[PDB]
Amino acid sequence: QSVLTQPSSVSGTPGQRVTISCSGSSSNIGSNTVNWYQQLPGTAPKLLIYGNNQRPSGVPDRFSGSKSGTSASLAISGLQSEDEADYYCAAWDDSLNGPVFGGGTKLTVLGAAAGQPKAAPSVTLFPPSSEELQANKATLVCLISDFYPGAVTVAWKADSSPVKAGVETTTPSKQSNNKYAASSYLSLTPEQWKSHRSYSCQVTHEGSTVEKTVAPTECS
Amino acid sequence: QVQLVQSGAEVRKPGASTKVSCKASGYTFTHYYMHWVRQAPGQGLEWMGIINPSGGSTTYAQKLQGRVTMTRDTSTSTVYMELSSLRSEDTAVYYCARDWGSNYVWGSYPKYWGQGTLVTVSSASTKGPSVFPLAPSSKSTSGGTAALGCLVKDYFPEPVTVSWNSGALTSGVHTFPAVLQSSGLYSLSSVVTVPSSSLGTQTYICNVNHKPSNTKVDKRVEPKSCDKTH
């Protein structure tokens, strides 16, 4: 619905050139200069390009903008992992008498073109705290990090039997090092935690499983 | 340098109003327009309007005309945005942004952005988190490390921040994105990897803030009671 139209997603491998289109009308891009904003995950937008093709100080030359008729384009050469972000075009609109934005493009940076090596997840599993148990609650916390590609499945076991009830697992998210993380939580009653020899969090990644196990009376 | 500091996260019921502030510094306050721009979760940027701190004139986005009000206080270099008759669709991060420097409203655009203020509009009940320590392993080996952390359990709405030792401890910290449980409540964990040899000699405190509920907790994370080494 946004006034300027951008692709929802663009992807490339490190080192390549990618482009992001921005289509408008004679009342905005056709008449007025285009700006671009870059929004890194979890941060505010920053001005990336102004006046079609001008860079603020600090923005590298591998970012370049252009305009042609009622459309504009952002080109990024030498694509780097840190370029993964949402990009927005913008221009003044004479008909609406105000600034308008494109809908945003999520730029993802893939693994190396020649093949990014698989990385198995690191798994840390915490048992319920004494504090939580005293409140008559219990949560097992399974933290999963450093995996690539960014997809895992998580299964929980009470002793050796599957448990599905009480399991909540996040989507994978990108880490600063370009690998991925996720977490999974198992909610139990303190009585259930007492009623088994152990519980386990089993993380499967690219067909291999990494398991961690905790028990109510051990001192790991 | 230009700095824009916004007020903290808020939660509101449908029908209520919210007033967000933006404190400016590092430039001559009355010489630059201030824009407001919002972003619904996972969605795009939407311009809300602009105010001239010299004189206080405003122009608002047509779609918000009639329930947005922008104002400023030139003595405190603060700009305010008030949005009334809130609905769920107004859930967004609200940004103030200083204009590039136009001498006219026409051709203005936001250049220097504040950190944003998350405003959640929901009929669900606000809940502050419980915070539990995640105690480190009792293992002791030369050059060994241990993971310790805090579990921030059952809060609504977002967001929550976690720091360690007032932000003095940053190496080896990994704060995980929250899970949204079927209960409608969030939980997250923050973990720090530290040397095992020094557990019990070092103090580790997680500072948790849930601004929508005005909850602030500082939880000490200590070696297990069963740990005979640390």
Side-chain angles (χ1 to χ4, degrees), chain A residues 118-147 151-170 172 179-220, chain B residues 132-141 143-153 172 174 176 179 181 187-196 199 221-230:
Chain A
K118 175 176 53 172
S122 293
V123 179
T124 293
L125 175 61
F126 290 99
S129 65
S130 178
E131 288 83 357
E132 187 184 26
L133 294 172
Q134 287 176 62
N136 200 29
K137 298 184 176 300
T139 306
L140 310 181
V141 183
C142 189
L143 303 175
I144 313 170
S145 58
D146 292 329
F147 57 93
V152 298
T153 55
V154 182
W156 288 85
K157 296 286 199 295
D159 292 321
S160 288
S161 303
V163 38
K164 308 298 292 184
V167 178
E168 299 282 0
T169 302
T170 68
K179 303 192 181 177
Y180 289 78
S183 51
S184 186
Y185 295 81
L186 177 64
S187 295
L188 298 173
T189 65
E191 183 57 27
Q192 287 173 314
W193 176 231
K194 291 181 181 283
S195 291
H196 301 272
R197 292 177 294 275
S198 64
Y199 277 77
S200 298
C201 178
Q202 302 175 328
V203 181
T204 301
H205 173 80
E206 308 292 293
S208 300
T209 300
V210 175
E211 170 185 83
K212 286 293 207 295
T213 300
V214 289
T217 68
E218 72 184 349
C219 189
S220 62
Chain B
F132 302 111
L134 303 172
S137 168
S138 65
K139 290 173 176 69
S140 177
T141 201
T145 64
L148 59 86
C150 283
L151 167 63
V152 180
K153 181 83 183 190
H174 188 171
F176 285 74
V179 71
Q181 298 203 334
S187 292
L188 65 74
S189 298
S190 181
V191 294
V192 197
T193 298
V194 306
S196 49
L199 294 167
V221 186
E222 298 178 345
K224 302 171 180 182
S225 291
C226 63
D227 187 337
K228 305 297 183 175
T229 299
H230 319 280

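In what follows, chains carry the letters A, B, and so on, assigned in the order in which the sequence lines appear, proteins first and then strands, with residues in each chain numbered from 1. Computed over heavy atoms, backbone and side chain alike; hydrogens, waters and symmetry mates excluded.
- The shortest distance between side-chain heavy atoms of B/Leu148 and B/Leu199 falls below 4.5 Å.
- In this structure, B/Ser196 contributes its side chain and B/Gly144 its backbone to a donor-acceptor pair below 3.5 Å.
- Counting heavy atoms from C-beta outward, A/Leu140 and A/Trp193 have side chains that approach closer than 4.5 Å.
- We find the NZ-CG distance between B/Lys153 and B/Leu188 to be 11.5 Å, quoted to the nearest 0.5 Å.
- A donor-acceptor pair is defined here as one N or O able to donate and one able to accept, closer than 3.5 Å; no such pair exists between the side chain of A/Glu168 and the backbone of B/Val179.
- Counting all heavy atoms, side chain and backbone alike, B/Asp227 lies closest to B/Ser138 at OD2-CA, 3.2 Å.
- The two atoms that bring A/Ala151 and A/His205 nearest to each other are O-ND1, 3.2 Å, heavy atoms only.
- In terms of modelled atom types and a separation under 3.5 Å, the side chain of B/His174 and the main chain of B/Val192 share no donor-acceptor contact.
- In terms of modelled atom types and a separation under 3.5 Å, the side chain of A/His196 and the main chain of A/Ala215 share no donor-acceptor contact.
- One distance of note links CD of A/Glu218 with NZ of B/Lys224; it measures 6.5 Å at 0.5 Å rounding.
- Nearest approach of A/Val163 to A/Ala158, heavy atoms of both residues: CG1-N, 3.9 Å.
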*Where do A/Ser220 and B/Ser137 land on the side chain to side chain donor-acceptor pair (under 3.5 Å) test, with the steps shown first?*
CA-CA 6 Å; A/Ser220 62; B/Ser137 168; 5.5 Å; no
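- To the nearest 0.5 Å, atom NZ of residue A/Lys157 and atom CG of residue A/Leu186 are 12.0 Å apart.
- The CG atom of B/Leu134 sits 10.5 Å away from atom OG1 of A/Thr124, with the distance rounded to the nearest 0.5 Å.
- Closest non-hydrogen pair, B/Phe176 versus A/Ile144, comes out as CE2-O, 3.7 Å.
- B/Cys150 has its side chain within reach of B/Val221: a pair of non-hydrogen atoms, C-beta onward, lies under 4.5 Å apart.
- With rounding to the nearest 0.5 Å, the separation of CH2 in A/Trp156 from OG in A/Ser187 is 9.5 Å.
- At distances below 3.5 Å, at least one donor-acceptor pair connects side-chain atoms of A/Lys212 with backbone N or O atoms of A/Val123.
- To the nearest 0.5 Å, the span separating CZ on A/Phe147 from OG on A/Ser122 amounts to 10.5 Å.
- Nearest heavy-atom pair across A/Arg197 and A/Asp159 is N-OD1, 2.8 Å.
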